[PDB]
Amino acid sequence: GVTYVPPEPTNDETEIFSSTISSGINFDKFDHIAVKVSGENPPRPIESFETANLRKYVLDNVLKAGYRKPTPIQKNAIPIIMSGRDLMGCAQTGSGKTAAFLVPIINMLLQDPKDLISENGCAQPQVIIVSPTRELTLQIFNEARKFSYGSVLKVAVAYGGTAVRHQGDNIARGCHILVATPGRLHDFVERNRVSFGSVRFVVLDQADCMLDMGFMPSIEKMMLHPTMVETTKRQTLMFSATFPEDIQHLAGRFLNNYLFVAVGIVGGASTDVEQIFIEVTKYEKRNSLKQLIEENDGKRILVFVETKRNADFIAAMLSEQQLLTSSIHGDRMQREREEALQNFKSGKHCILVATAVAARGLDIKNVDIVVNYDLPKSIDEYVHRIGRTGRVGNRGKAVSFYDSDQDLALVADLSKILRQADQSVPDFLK
RNA sequence: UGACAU
Ligand SMILES: Nc1ncnc2c1ncn2[C@@H]1O[C@H](COP(=O)(O)OP(=O)(O)O)[C@@H](O)[C@H]1O
Ligand SMILES: [Mg+2]
């Protein structure tokens with residue numbers, strides 16, 4: 001049964017703009033990161049939000065958001081997108097990739113307006129934004145409303161675990177910007193509720209994830225859909241912190257004469273995260289987690305685990321200890337997942353146990369410690385995980401449990417990530 | 001394994 005109607009998004013102005021992490025002590029160190037731009041005829045980067053040829057109201061929304069100065073990815077992607085070019089954007093976690101695409105797209109939607117089309121119940125969005133998880137899609141949706149606040153733009157969302165008709169009937173009214181998880185998006189496409197015949201911008205957030213074996217078929221069904229306008233007559237944008245060369249190659253099928261902007265080393269960890277490791281047997285992990293939480297009372301802690309099974313187990317373990325713990329993973333009801341995330345953000349619960357479902361994109365204020373109870377199999381997922389802390393120039397801590405019986409294969413990539421980020425390398429990862 | 005329509 002899927003009947004959950006999520007609460008309606010706040011139309012409280014202050015609350016819409018307060019959905020942000022305030023910049024931290026090292027925000028100005030973003031100026032010291034080497035920017036590599038490759039591709040034909042890159043337009044010059046902009047120097048400030050004031051000198052970015054943005055519309056008065058769009059600029060005023062950026063300033064309402066709290067932002068005073070663009071990050072490196074924004075300095076580059078903004079003029080690139082407004083020139084009409086395709087873009088692969090790589091930049092570390094917590095450095096403002098979302099606004100890098102929202103702000104200019106919102107600008108061009110307003111500056112170069114087209115009348116909406118919704119014909120025969122079938123909406124034709126001018127922007128499709130896809131992301132690999134439901135809570136990230138909702139987050140992106142709320143950021144789009146922030147930067148498009150007070151304008152005539154209509155943003156809609158589409159993701160699973162919600163009542164299909166609630167989202168469907170809303171989309172049917174028409175929307176400029178549709179933000180979606182792929183499953184629910186294709187559902188509406190195959191029902192003739194959404195069509196790609198008016199698309200001006202496609203955006204893959206976490207694009208390296210979207211292009212891997214798990215999502216590539218769903219990406220093809222969008223990019224190559226019969227209703228989709230061809231690559232030469234629309235813009236495609238792809239952002240991530242991580243981007244293996246083999247995945248970069250696959251991206252080029254959907255890109256037209258594109259610019260590749262990489263801020264710092266591709267796939268590098270944020271240097272604002274202190275990365276610590278504890279060597280432990282599979283048995284010892286439980287005791288070591290308890291110990292780490294005991295040594296950190298009053299801190300907001302995000303605990304990553306491999307299985308949904310272990311997520312449920314760890315939440316139970318910590319809860320029976322009398323610690324207020326939320327859990328988020330794919331076997332939980334959608335309502336519960338959104339409530340766990342909200343309880344964790346609000347501070348009601350200081351501990352959140354998560355599978356990889358929360359590894360990418362989520363922007364949670366004041367995560368003090370990210371704990372990898374289980375390390376992931378991919379270094380790129382590790383980079384994203386620890387990036388849940390240390391954002392926008394604030395400093396954070398990651399503590400990862402290393403078990404050689406499980407994680408030996410990761411050691412060479414960990415060590416490289418550590419050295420790139422100026423982190424000490426324990427003897428057991430050498 | 002883990003995300004991703006019902
Ligand atoms: N130019 C800026 N100045 C201050 N804060 C910003 C700026 N750009 C983005 N932010 C904030 O930084 C946080 C991280 O943004 P996000 O787009 O999630 O980063 P990324 O996608 O690179 O991980 C968000 O809370 C966002 O509101
Ligand atoms: Mg992001």
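Letters go in sequence order (proteins before strands), and every chain restarts at 1. No hydrogens, no waters, no symmetry mates; every other heavy atom, side chains included, goes into these values.
Put simply, the side chain of A:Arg395 does not reach to within 4.5 Å of the side chain of A:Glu274, judged on heavy atoms.
Set against B:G2, B:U6, B:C4, the side chain of A:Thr133 has B:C4 as its closest nucleotide. In the set B:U1, B:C4, B:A3, the nucleotide with an atom closest to the side chain of A:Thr181 is B:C4. In the set B:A5, B:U1, B:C4, B:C4 carries the atom at the smallest distance from any side-chain atom of A:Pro182. For A:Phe215, the listed nucleotide lying nearest its side chain is B:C4; candidates were B:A5, B:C4, B:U1.
The NE2 atom of A:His384 sits 14 Å away from the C1' atom of B:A3 (whole-angstrom rounding). One atom, CD of A:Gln139, and another, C1' of B:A3, lie 16 Å apart when rounded to the nearest Å. Separating the CD atom of A:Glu135 from the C1' atom of B:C4 is a distance of 12 Å, rounded to the nearest angstrom. Protein atom CG of A:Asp374 is 13 Å distant from nucleotide atom P of B:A3, rounded to whole Å. Nucleotide B:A5 holds its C1' atom 4 Å from the CG atom of A:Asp187, rounded to whole Å. In this structure, A:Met222 atom CE and B:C4 atom P are separated by 16 Å, rounded to whole Å. A:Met213 places its CE atom 12 Å from the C1' atom of B:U1, with the value rounded to the nearest Å. Rounded to whole Å, atom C1' of B:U1 lies 15 Å from atom CG of A:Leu375.
For the residue pair A:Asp205 and A:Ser131, no side-chain donor N or O sits within less than 3.5 Å of a side-chain acceptor on the partner. Residues A:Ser19 and A:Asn142 bring no donor and acceptor atom of their side chains to less than 3.5 Å of each other.
Between A:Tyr149 and A:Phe17, a ring centre-to-centre spacing shorter than 6.0 Å is recorded. No close placement of the A:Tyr67 and A:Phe27 rings is indicated, their centers lying 6.0 Å or farther apart.
Within the structure, the salt bridge (charged side-chain N to carboxylate O under 4.0 Å, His left out) test picks out the following pairs touching residues 381-390 of chain A (sequence neighbours left out): A:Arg360-A:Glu381.
Counting non-hydrogen atoms under 4.0 angstrom, A:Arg134 reaches the backbone sugars and phosphates but no base. At the heavy-atom level, A:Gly1 lies nowhere under 4.0 Å from the strands shown.
Residues from residues 306-318 of chain A placing a heavy atom under 4.0 Å of any atom in RNA chain B, listed by number, are A:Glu306, A:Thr307, A:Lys308.
Under the side-chain contact (heavy atoms from CB on, under 4.5 Å) criterion, A:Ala207 pairs with A:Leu204, A:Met238, A:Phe243, not counting sequence neighbours.
Of the side-chain N and O atoms in A:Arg337, one or more sit less than 4.0 angstrom from OP1 or OP2 of B:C4.
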